[PDB]
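Structure record follows, encoded as structure tokens.
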Amino acid sequence: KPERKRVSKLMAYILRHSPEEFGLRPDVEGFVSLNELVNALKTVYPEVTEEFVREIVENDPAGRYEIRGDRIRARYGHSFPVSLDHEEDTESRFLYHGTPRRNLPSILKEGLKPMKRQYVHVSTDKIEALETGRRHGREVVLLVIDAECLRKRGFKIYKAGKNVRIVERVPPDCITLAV
Ligand SMILES: Nc1ncnc2c1ncn2[C@@H]1O[C@H](COP(=O)(O)OP(=O)(O)OC[C@H]2O[C@H](O)[C@H](O)[C@@H]2O)[C@@H](O)[C@H]1O
Ligand SMILES: Nc1ncnc2c1ncn2[C@@H]1O[C@H](COP(=O)(O)O)[C@@H](OP(=O)(O)O)[C@H]1OP(=O)(O)O
């Protein structure tokens with residue numbers, strides 16, 4: 001529903017990108033006070049309550065958020081450094097990243113890089129990978145990433161969302177296919 005969606009979009013923006021511009025100071029792990037997040041959200045959507053934020057967190061289908069005690073964080077997507085959980089994805093054999101075709105000259109030479117984020121974000125889900133690439137351009141390619149290649153190279157893959165995984169970078173040898 002549009003109420004849930006518009007408050008969640010604002011939560012993700014505050015918690016991933018501009019907490020300080022709403023007066024919040026994330027701790028090392030990226031958590032802000034839940035009460036303080038609620039007041040920040042209410043500067044935009046005055047109907048928001050803590051109970052509604054708790055409902056958004058628990059019902060989020062991607063696993064975007066985490067509440068711990070009286071604090072809340074985004075679980076990935078940040079454009080500032082945070083220490084996240086190191087729940088390691090050891091089971092996935094391939095992972096996916098969608099990107100505009102125009103990026104293949106750089107990506108296939110340099111690998112995937114975190115760009116303005118802290119981590120490279122990949123997915124266990126091809127459609128969601130492609131839909132993320134579509135945010136950046138109409139002509140997108142599906143990158144297929146060999147998870148064992150990454151692990152062997154010392155790049156741990158972490159369970160950030162239900163489908164989202166994070167990794168420090170993806171060297172080009174680990175990009176097996178671009179479709
Ligand atoms: N070496 C490179 N050269 C050029 N472009 C590159 C390179 N490596 C990666 N890119 C592209 O640089 C761009 C970086 O765009 P951004 O928005 O930061 O990353 P996202 O598109 O993965 O979205 C991650 C999402 O996953 C979670 O939901 C988060 O919350 C996000 O919503 C991509 O097109 C890369 O392919
Ligand atoms: N329902 C929801 N809750 C929270 N956040 C949401 C969201 N639906 C979308 N977002 C985020 O909005 C940005 C633009 O994405 P579009 O609207 O172009 O698809 C992007 O976040 P960012 O700028 O950090 O990359 C998305 O995050 P996500 O990939 O988790 O949906």
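In the structure tokens, chains take letters A, B, ... by order of appearance, with residues numbered from 1 within each chain and ligands from 1 in the order shown.
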Ligand 2 neighbours within 9 Å using only C-alpha atoms and all ligand atoms, as number ranges by chain: A: 4-13, 16-17, 56, 60-65, 76-79, 117, 128, 131-132, 134-136, 161, 164
Preceding selection exported with N, CA and C atoms as an mmCIF file, in the first residue's frame:
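The resulting file, selection.cif, is reproduced below:
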data_model
loop_
_atom_site.group_PDB
_atom_site.id
_atom_site.type_symbol
_atom_site.label_atom_id
_atom_site.label_comp_id
_atom_site.auth_asym_id
_atom_site.auth_seq_id
_atom_site.Cartn_x
_atom_site.Cartn_y
_atom_site.Cartn_z
ATOM 1 N N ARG A 4 2.490 2.573 3.503
ATOM 2 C CA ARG A 4 3.639 1.756 3.867
ATOM 3 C C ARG A 4 4.835 2.007 2.941
ATOM 4 N N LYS A 5 4.592 2.077 1.633
ATOM 5 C CA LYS A 5 5.700 2.222 0.694
ATOM 6 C C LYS A 5 6.388 3.577 0.842
ATOM 7 N N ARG A 6 5.628 4.660 0.982
ATOM 8 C CA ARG A 6 6.293 5.957 1.002
ATOM 9 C C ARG A 6 7.039 6.177 2.313
ATOM 10 N N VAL A 7 6.563 5.608 3.421
ATOM 11 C CA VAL A 7 7.306 5.754 4.676
ATOM 12 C C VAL A 7 8.564 4.892 4.648
ATOM 13 N N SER A 8 8.465 3.684 4.085
ATOM 14 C CA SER A 8 9.633 2.817 3.934
ATOM 15 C C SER A 8 10.692 3.443 3.035
ATOM 16 N N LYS A 9 10.288 3.992 1.883
ATOM 17 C CA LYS A 9 11.272 4.666 1.032
ATOM 18 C C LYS A 9 11.997 5.764 1.790
ATOM 19 N N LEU A 10 11.281 6.514 2.623
ATOM 20 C CA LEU A 10 11.962 7.560 3.378
ATOM 21 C C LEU A 10 12.868 6.969 4.455
ATOM 22 N N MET A 11 12.436 5.884 5.110
ATOM 23 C CA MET A 11 13.307 5.216 6.077
ATOM 24 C C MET A 11 14.608 4.772 5.427
ATOM 25 N N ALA A 12 14.519 4.140 4.245
ATOM 26 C CA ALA A 12 15.733 3.658 3.595
ATOM 27 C C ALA A 12 16.651 4.814 3.250
ATOM 28 N N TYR A 13 16.085 5.918 2.781
ATOM 29 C CA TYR A 13 16.912 7.072 2.454
ATOM 30 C C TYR A 13 17.593 7.649 3.699
ATOM 31 N N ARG A 16 20.198 4.921 5.067
ATOM 32 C CA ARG A 16 21.322 4.578 4.201
ATOM 33 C C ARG A 16 22.167 5.764 3.779
ATOM 34 N N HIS A 17 21.580 6.950 3.650
ATOM 35 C CA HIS A 17 22.248 8.021 2.912
ATOM 36 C C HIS A 17 22.420 9.300 3.706
ATOM 37 N N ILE A 56 6.555 -1.822 9.524
ATOM 38 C CA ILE A 56 7.298 -1.804 8.266
ATOM 39 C C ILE A 56 8.516 -2.717 8.350
ATOM 40 N N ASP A 60 8.905 -6.100 6.020
ATOM 41 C CA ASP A 60 9.611 -5.729 4.791
ATOM 42 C C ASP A 60 9.964 -6.991 4.006
ATOM 43 N N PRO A 61 9.582 -7.091 2.729
ATOM 44 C CA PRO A 61 9.799 -8.352 1.999
ATOM 45 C C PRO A 61 11.240 -8.579 1.562
ATOM 46 N N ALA A 62 12.084 -7.555 1.576
ATOM 47 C CA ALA A 62 13.470 -7.710 1.165
ATOM 48 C C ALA A 62 14.431 -7.862 2.332
ATOM 49 N N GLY A 63 13.974 -7.654 3.564
ATOM 50 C CA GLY A 63 14.876 -7.685 4.701
ATOM 51 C C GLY A 63 15.681 -6.413 4.820
ATOM 52 N N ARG A 64 15.078 -5.263 4.499
ATOM 53 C CA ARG A 64 15.858 -4.030 4.365
ATOM 54 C C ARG A 64 16.375 -3.515 5.696
ATOM 55 N N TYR A 65 15.662 -3.790 6.782
ATOM 56 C CA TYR A 65 15.895 -3.112 8.052
ATOM 57 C C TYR A 65 16.157 -4.104 9.164
ATOM 58 N N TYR A 76 21.680 -2.788 4.482
ATOM 59 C CA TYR A 76 22.610 -2.644 3.367
ATOM 60 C C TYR A 76 22.275 -1.346 2.639
ATOM 61 N N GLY A 77 23.025 -1.070 1.579
ATOM 62 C CA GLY A 77 22.760 0.062 0.728
ATOM 63 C C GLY A 77 23.413 1.354 1.165
ATOM 64 N N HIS A 78 24.144 1.356 2.276
ATOM 65 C CA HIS A 78 24.644 2.606 2.837
ATOM 66 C C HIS A 78 25.650 3.268 1.915
ATOM 67 N N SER A 79 25.661 4.594 1.959
ATOM 68 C CA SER A 79 26.698 5.374 1.305
ATOM 69 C C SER A 79 27.609 6.052 2.321
ATOM 70 N N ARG A 117 28.649 3.421 -2.717
ATOM 71 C CA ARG A 117 28.282 2.659 -1.536
ATOM 72 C C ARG A 117 29.520 2.080 -0.868
ATOM 73 N N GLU A 128 15.326 -9.548 -9.756
ATOM 74 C CA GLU A 128 15.629 -8.382 -8.934
ATOM 75 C C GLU A 128 16.957 -7.742 -9.326
ATOM 76 N N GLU A 131 16.156 -5.788 -12.430
ATOM 77 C CA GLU A 131 15.336 -4.621 -12.137
ATOM 78 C C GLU A 131 16.161 -3.529 -11.473
ATOM 79 N N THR A 132 17.160 -3.910 -10.683
ATOM 80 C CA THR A 132 18.050 -2.900 -10.113
ATOM 81 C C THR A 132 18.890 -2.233 -11.191
ATOM 82 N N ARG A 134 17.991 -1.792 -14.220
ATOM 83 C CA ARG A 134 17.059 -0.934 -14.947
ATOM 84 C C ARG A 134 16.876 0.440 -14.307
ATOM 85 N N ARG A 135 17.204 0.601 -13.028
ATOM 86 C CA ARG A 135 17.172 1.942 -12.444
ATOM 87 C C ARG A 135 18.153 2.886 -13.106
ATOM 88 N N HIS A 136 19.207 2.349 -13.706
ATOM 89 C CA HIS A 136 20.306 3.131 -14.238
ATOM 90 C C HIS A 136 20.291 3.249 -15.751
ATOM 91 N N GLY A 161 20.340 -9.086 2.894
ATOM 92 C CA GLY A 161 18.897 -9.116 2.826
ATOM 93 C C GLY A 161 18.408 -10.513 2.525
ATOM 94 N N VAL A 164 19.407 -9.959 -1.216
ATOM 95 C CA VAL A 164 20.581 -9.110 -1.375
ATOM 96 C C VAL A 164 21.758 -9.718 -0.625
#
Using only C-alpha atoms and all ligand atoms, determine which residues fall within 6 Å of ligand 1, then list them as a list in words. residues 76, 77, 99, 103, 106, 107, 110, 111, 112, 113, 115, 116, 117, 121, 132, 133 and 136 of chain A
So what do you get for atom CA of residue A:45 versus atom CA of residue A:22, distance-wise?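 About the pair atom CA of residue A:45 and atom CA of residue A:22: they are 13.6 Å apart.
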Looking at only C-alpha atoms, which of A:35, A:175, A:90, A:98 is the one that sits closest to residue A:69? A:35
Which residue out of A:129, A:44, A:74, A:143 has the minimum interatomic distance to residue A:160 when only C-alpha atoms are used?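 Of A:129, A:44, A:74, A:143, the one nearest residue A:160, counting only C-alpha atoms, is A:74.
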Computed interatomic separation between atom CA of residue A:179 and atom CA of residue A:120 (Å):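 Computed distance, atom CA of residue A:179 to atom CA of residue A:120, equals 18.9 Å.
Every protein, DNA or RNA residue with an atom at most 6 Å from residue A:119, where only C-alpha atoms count and chain neighbours fewer than 5 positions away do not, is listed here: residues 114, 166, 167 and 168 of chain A.
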Using only C-alpha atoms, which protein or nucleic acid residues come within 7 Å of residue A:82? Drop anything in the same chain fewer than 6 positions from it, and give the result as a VMD selection string. chain A and resid 28 to 30
To one decimal place in Å, what is the distance between atom CA of residue A:24 and atom CA of residue A:169?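 Result for atom CA of residue A:24 versus atom CA of residue A:169: 28.8 Å, one decimal.
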Can you tell me, as a ChimeraX atom specification, which residues in chain A count as alpha helix (DSSP H) by DSSP? /A:2-16,34-42,50-59,104-110,126-134,147-152
Can you write out the residues you just picked, keeping C-alpha atoms, as a PDB file, in the first residue's frame?
ATOM      1  CA  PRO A   2       1.245   3.534  -0.789  1.00  0.00           C
ATOM      2  CA  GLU A   3       1.377   4.636   2.869  1.00  0.00           C
ATOM      3  CA  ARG A   4       3.639   1.756   3.867  1.00  0.00           C
ATOM      4  CA  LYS A   5       5.700   2.222   0.694  1.00  0.00           C
ATOM      5  CA  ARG A   6       6.293   5.957   1.002  1.00  0.00           C
ATOM      6  CA  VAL A   7       7.306   5.754   4.676  1.00  0.00           C
ATOM      7  CA  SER A   8       9.633   2.817   3.934  1.00  0.00           C
ATOM      8  CA  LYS A   9      11.272   4.666   1.032  1.00  0.00           C
ATOM      9  CA  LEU A  10      11.962   7.560   3.378  1.00  0.00           C
ATOM     10  CA  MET A  11      13.307   5.216   6.077  1.00  0.00           C
ATOM     11  CA  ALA A  12      15.733   3.658   3.595  1.00  0.00           C
ATOM     12  CA  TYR A  13      16.912   7.072   2.454  1.00  0.00           C
ATOM     13  CA  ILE A  14      17.428   8.367   6.009  1.00  0.00           C
ATOM     14  CA  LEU A  15      19.111   5.193   7.247  1.00  0.00           C
ATOM     15  CA  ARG A  16      21.322   4.578   4.201  1.00  0.00           C
ATOM     16  CA  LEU A  34      14.144   4.376  16.848  1.00  0.00           C
ATOM     17  CA  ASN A  35      12.423   7.304  18.621  1.00  0.00           C
ATOM     18  CA  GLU A  36      14.708   9.707  16.791  1.00  0.00           C
ATOM     19  CA  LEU A  37      13.993   8.069  13.430  1.00  0.00           C
ATOM     20  CA  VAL A  38      10.265   8.346  14.154  1.00  0.00           C
ATOM     21  CA  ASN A  39      10.535  12.073  14.858  1.00  0.00           C
ATOM     22  CA  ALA A  40      12.583  12.513  11.680  1.00  0.00           C
ATOM     23  CA  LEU A  41       9.952  10.679   9.622  1.00  0.00           C
ATOM     24  CA  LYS A  42       7.248  12.810  11.216  1.00  0.00           C
ATOM     25  CA  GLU A  50       6.844   4.052  16.205  1.00  0.00           C
ATOM     26  CA  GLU A  51       4.367   1.183  15.994  1.00  0.00           C
ATOM     27  CA  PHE A  52       4.034   1.708  12.233  1.00  0.00           C
ATOM     28  CA  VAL A  53       7.810   1.776  11.771  1.00  0.00           C
ATOM     29  CA  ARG A  54       8.004  -1.502  13.692  1.00  0.00           C
ATOM     30  CA  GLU A  55       5.369  -2.949  11.351  1.00  0.00           C
ATOM     31  CA  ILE A  56       7.298  -1.804   8.266  1.00  0.00           C
ATOM     32  CA  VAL A  57      10.485  -3.408   9.591  1.00  0.00           C
ATOM     33  CA  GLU A  58       8.922  -6.753  10.427  1.00  0.00           C
ATOM     34  CA  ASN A  59       6.918  -6.969   7.191  1.00  0.00           C
ATOM     35  CA  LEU A 104      30.596  -3.433 -19.464  1.00  0.00           C
ATOM     36  CA  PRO A 105      33.877  -1.882 -20.744  1.00  0.00           C
ATOM     37  CA  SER A 106      34.742  -0.762 -17.177  1.00  0.00           C
ATOM     38  CA  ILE A 107      33.237  -3.661 -15.275  1.00  0.00           C
ATOM     39  CA  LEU A 108      34.797  -6.369 -17.379  1.00  0.00           C
ATOM     40  CA  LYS A 109      38.221  -4.735 -17.054  1.00  0.00           C
ATOM     41  CA  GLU A 110      38.018  -3.554 -13.422  1.00  0.00           C
ATOM     42  CA  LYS A 126      18.041 -12.732 -11.390  1.00  0.00           C
ATOM     43  CA  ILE A 127      14.866 -10.661 -11.855  1.00  0.00           C
ATOM     44  CA  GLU A 128      15.629  -8.382  -8.934  1.00  0.00           C
ATOM     45  CA  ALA A 129      19.221  -7.982 -10.170  1.00  0.00           C
ATOM     46  CA  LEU A 130      17.942  -6.950 -13.604  1.00  0.00           C
ATOM     47  CA  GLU A 131      15.336  -4.621 -12.137  1.00  0.00           C
ATOM     48  CA  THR A 132      18.050  -2.900 -10.113  1.00  0.00           C
ATOM     49  CA  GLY A 133      20.129  -2.428 -13.252  1.00  0.00           C
ATOM     50  CA  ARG A 134      17.059  -0.934 -14.947  1.00  0.00           C
ATOM     51  CA  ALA A 147      30.696 -17.198  -5.602  1.00  0.00           C
ATOM     52  CA  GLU A 148      33.396 -19.870  -5.143  1.00  0.00           C
ATOM     53  CA  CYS A 149      35.789 -17.713  -7.241  1.00  0.00           C
ATOM     54  CA  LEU A 150      35.143 -14.789  -4.856  1.00  0.00           C
ATOM     55  CA  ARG A 151      35.601 -16.855  -1.713  1.00  0.00           C
ATOM     56  CA  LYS A 152      38.866 -18.350  -3.023  1.00  0.00           C
TER      57      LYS A 152
END
Run DSSP on the backbone of this structure and report the residues of stretch 40-109 of chain A it assigns to strand (DSSP E), as a count of residues only. 15
Point out the residue among A:141, A:84, A:72, A:123 with the least atom-to-atom distance to residue A:102, counting only C-alpha atoms.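 Result for the nearest residue to residue A:102: A:141.
Of the residues listed (A:156, A:162, A:75, A:138), A:138 shows the shortest atom-to-atom separation from residue A:100; distances use only C-alpha atoms.
With distances restricted to only C-alpha atoms, A:146 is the closest residue to residue A:171 from A:66, A:43, A:85, A:146.
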Go through A:145, A:122, A:140, A:177 one by one, measure the shortest atom-to-atom distance of each to residue A:165 using only C-alpha atoms, and give the residue with the smallest value.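 Smallest distance to residue A:165 is found for A:122.
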